[PDB]
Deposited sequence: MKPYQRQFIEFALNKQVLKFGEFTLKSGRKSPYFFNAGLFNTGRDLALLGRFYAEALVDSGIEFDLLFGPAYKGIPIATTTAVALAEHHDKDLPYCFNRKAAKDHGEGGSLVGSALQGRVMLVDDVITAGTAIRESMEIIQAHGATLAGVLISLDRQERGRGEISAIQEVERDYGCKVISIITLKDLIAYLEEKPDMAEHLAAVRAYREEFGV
């Protein structure tokens, strides 16, 4: 666990973006925890959020030339990560995004070179295959996918979605927290035991 990961969880908790209960995923499973980046609905949330993203980006070491935000749910993030990156790390990079309009119609820079794709959480090895249609549809390569939370569980097969993503676009997914950190984290909060025993239990059944 690296520090920014520690405050992220925290950041994430207080926000309630990270919640402990009894959810029912889009898959039909019944996870004990849910992560919902949508609850980042304010300036500061956005401000911080992009501070975490830039770190994991930076602290990753992958190389990329350009940020890319998918659809709608990508725009606020790619914009914030872009500002974090220049205010905070002195990295000046070009962002753009795609117009989901009855076409590609990118908004912002080129779509030239090594795209770094950015999003919130992959569950269903999804829009990436749309998103990544564009990138590959304009003669730019894909460098990777930066996300918030790797739920680290099984899909319909033995592997996970992230894994499938790595396994299909010859790309590398980076990400801020993972299940593992999530647990690691609960081990320090003695009074999160109930959530622990539970997420501990869960990863057993489904953890990849």
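S.K.: Without any C-alpha position in the structure, which residue ranges of the deposited sequence would you list, numbering from 1?
M.R.: Residues missing from the model, as numbered along the full deposited sequence, span only 103-107.
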